[PDB]
Structures are given as C-alpha cells and as structure tokens.
C-alpha cells in the first residue's frame, strides 16, 4: 500500500537526483524499473552489514547503465553507501561510478555495463550455487538454497553472449535463476522496431526457460511479487519475467529514447516530485517511513542469517569433515599443503606438450581441492576433459551428470564461458574455476576477459594450441596478437610455460590467485623438460635458466621458444658467442618482483634478444632486440612452419650474432631501466 508506493517514488527520485547532480547518466531505466526493484529486494535475503553471507540471494543489474537504481537500493537498505555518495554519482573517486564495479561498490556482485555480461554472470552465480548446494547440503541442512535475480534490458538481449548463456542455462535447468526483462521498447540504439523485432518470449521458450508476463510493471508490484513466487515453484527451469514498463515512467519525456541516457530537464524533475507528493525544492529526499520499512526487512534477513549461522554450527557437529572444508573455503584458504599434489619433472623425463602437462596437473589437483571446478568450450574432448574420478555438471534429470559434478560442458560458447566464469568466481566460497579452449578463440570472449581483470576475479583460461605449433588448422587458428592483447590489459597474468615444472608453477599461481585472472598459453606439440627449471624458480615469473657470467648476449624466451633458445646457445658456442638464457613464463608475475631480483635476471651491460613466435609487442620491456612473428601463419605441419619463419636454432643464432654486432662499441643498460 502506501509505504510501498512512497518507497518506489523515493527510489525513482533518488536516481533522477543523482543523474541531475552529475549532469550525466541514465534516468530512464531507473524510473521504469523502480517498482520491480522494490518488489525484488523485498523478496531477497541479504545483510547490508555482511555482503559476503554465502546463502544470500544475489542481485545483478545487467543493464548496468541503470546503476543509479542499484545505488539507490543499496543506500536505502543501509549498505556502506550513503546519500552523500549518491550526490557524487559519476564524480572522480566516488563510490558511485557511472557503471557499477564490484571492487568499488558495496553490494555490487559483479562489474556490469558492457551489455550482455551481467545476465551471463548471473548464470554463473546460479551454476555455482547449484554445485555448492549439491556438494554441501544434507537432510535437515539446507546450507545453500539461495536465488539469483537479474535485471536486463533490450540491449543485453541483442548481445550474442546472452543468447549463449541463456541456451546453456536452459539446458542446465537452473531453477534458482530468475531474470527480469525490462520490456520498454528502447535500447541505447533507439526504438526496438528499428532492429529488434524478434519474438523474445518464443526464443526463451525454445531454450527451455519458464516465462511469466507482467503486463503493467509500471504499477503492479503485486504481480511482480507473484511472478517471483511462480518462478520459485518451477525448480527445473530458469525463469524470464517480462516486465512491460514505460522507460522514464513519470517524466514528461517518458516512453522516448531521450530519457534513456541523458539527465532530465529541471522542470521535469519538479513535476515528478509534485505529482508523487515530494517537495520540488528538495533533492535526495529519504522519507523516514521508507527507511523504517526497509529496516524491518533487513532485521528479518539478519535473523535469517543468524539462524543460518546456527545451522552451520550444527552442520559442523554432524558432518565434521564437510563442515571444516566449508569453513576453510569461507575463510578464503586453500587446503594446507595442497601444492604438494603438483607434478614435478626432471630433465630425464620425456618431452610432453604443455596442453597434456596441464591436463595432468588438473587431474592431480582436482581430487585434492574441492573448490576447483571448470569446463571447456569449442574444444574436442581429446584436448580437455574432466578429471578422472569426477562427473560432468549436469542436472540429474538428464542422466548425463549431476549438480555435484565438476566439469562444465559449455558448448561452443567461449564468450559466455568467460562471463559465466566471472559469475562462478563472484559466488565466492573460494571457487577457483577454469575454462578451456584454443588460445586464438579466447579472443571471442574479450568482453568478459577484460571484466575478469577489472573485477579482480581469479578465473583461469586453459588456452591450448598457442601458436603456429598447432600446424595444419592454419592461420585462422594460429595466435599472433593474442598474448600482446591480454598482456597489455591491466591485471592479467599470461603464463606461457615451457615445460612440466613451469606448467605446475603456472597452476600454483592460478589457483592461489585471489585478485588476478590467469591465461595459460599451452602447446599442441611436445616440448623437452628443461635443465634448470623448477616450480620455485618459475614461480618468480621470470628466471635465469642458463647463467653465463661472461655472456655476449642473453636470450629471453617463453614457452616453446625456451628450448629453441637453449639449442641456439649451442649453435652460438660454435660461432664463438657465449649466451645466457632467461625463461619468462609470466611477465606480470615477473614485473611484481623486486627491482634487484629483476635486474639479476636482465642485468645491465649485455645485449638481450627476445624470442617468442608471435607479436613482438611488449617485448621491449625486457629486451633490446626482438625476434617474433608479426604476420599471419600458414597451414602445414608445424615443424615446416617454424623452418619457414626461421624459428630454428640457426635462425635464432643468426639474429643473436647480429645483435652482438649491432651493440659492438655501445654502452648497453638493462631494458628494465627507465627515465621515469
């Protein structure tokens, strides 16, 4: 009744006033979605004073431009966000950025705005919840029973990533996912009649979703609440709730593209306030009756969490081992000495492709670290499959797996895999999750990968077939630019291990990570075990593999090119040139080491040549001269392609000799030195 209507008006006007203060941002969807936001938050279980309660319901604003709405909800419910923060919407350094960021905004589960991402993140939160519940729940112990609520608009529904994730979520029968479509006939691009005339509901039925339609979502909060109740009864399908709204509801300019993405006029804001019973002379008003009503819901939710804490204590008594495991995960700690399961190799061991070494690592650590789950997309089972002793993550109704399973069959859906991985990480409970594909097609998921970095999520791409070393599939499949792209993105560890020990170091980093996504670039072709490699040294990101105190040159290399550098060293010896070799399996980890450590690897006074069979971009950080591949590849047997491009011991040696000659009579300082 009346306090609910007052709350809705309060939300609407807080959002409009925030946009007005910034003179920037998006008032239309906040106005249109305030009734639904009020109704959904009243059904959600959450604690503003404990944003990490593991059995909270999660909310995701996929239409992230509408974040003045989210911030208004968080303020009204007493999260660590205030009206003073709302006044600083879109202002440098504020807690209310123009699109919501999980690192900066209390109560933002994920970073959204780039369209399509949030709904996929919601799929991942729901996937994680189902896996977590299957792992821990017991009779009389509903440790995990929470829902995932997502708001999304027409823009998200046009982005292909959301189609991928929605097809998969329907297949996975994710009944605790409840998404709400803001059916307002507008996107950033304009009216939907211009480019978006598909039958959305028919499409979602084709994916196996349940549908509820709310024809008057501008006012009918009773029907929105009833739609949630209906969705909760359908336990084997995700639900799409069609919210037919007027964008900018209440504005003089309601129902037009003009209210999508620009501040309202001042006189429009005045008439909004007067017709909803607010003072047109006042901004950022919060009626105390609204606060009281919201506080009551918080207090009830806090009593639910208090009871959950007692359930968890009783669970530890009845299921001591599972309880201790759950506690450890909620504390953010891996199993003690888990890394003793990492395989270790010697130079007497056989050559192995780093793809195969990686799969061996996973097979050893998955049984020991329950919070590891993962999967693959656009990749044959022979290139990655589940660890022996596990099953696929599937609804049991299919007969193909169980929600307790550990390996996700993403289908040919790289981009959704990337965004779903972000949602699994966002769930919490120490999930360390991975996704396998070919390195060249990690690029299909760039939108999500960048968000892994910005969101500080410890996700891992298992990215095989890293180079021309894959051979016959040819230039359509062979990375050139890919490592440069991701190394140039802030906060991405890009491991390119050369051998067995380096591959174990790469996984130690990826699994221990709490704030940095990892990409592991792995080979189709076999590589030798290196003399001088170890987990310890490779864990520094870069290390001296072959030390030469009288070096004429140092060759720095990664991955498959480290063995090439070692072979080139022998050719150079016959030419009277003494070389050292540095292996640089992760540039980010190396960069984070001390200046003195880094200089011990890349000293002053000696020319340094890099060797890596893809783009030379970035390599001047570490080298004076760069031997790389800055053209597309070729379709043939891999050794013949390496020969064609002179990535041979003799070709490296020739360039090393030319490098020595180029610096004769010159003073050479480490590439690590800088003017500023």
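Positions refer to the first chain, counted from 1.
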- prompt: Taking only the CA atoms, which stretch has the higher mean B-factor in the record, 330-338 or 358-366?
  reply: 330-338
- request: Averaging the C-alpha B factors as listed in the entry, name the stretch that ends up higher: 103-111 or 314-322.
  value: 314-322
statement: When the entry's CA B-factors for 202, 125, 373, 387 are compared, the highest one belongs to 387
field: Most elevated Cα B-factor in the entry, residues 346, 560, 455, 173
entry: 346
field: Relative C-alpha B-factor of residue 53, binned into the chain's lowest, middle or highest third
entry: middle
- prompt: In terms of the CA temperature factor given in the entry, to which third of its chain does residue 65 belong: lowest, middle or highest?
  reply: lowest
task: For residue 550, return the chain-relative third of its C-alpha B-factor as stated in the PDB record: lowest, middle or highest.
output: highest
- line: residue 624: CA B-factor among chain residues, third -> middle
- request: Please place residue 502 in the lowest, middle or highest third of its chain by C-alpha B factor as given in the entry.
  value: lowest
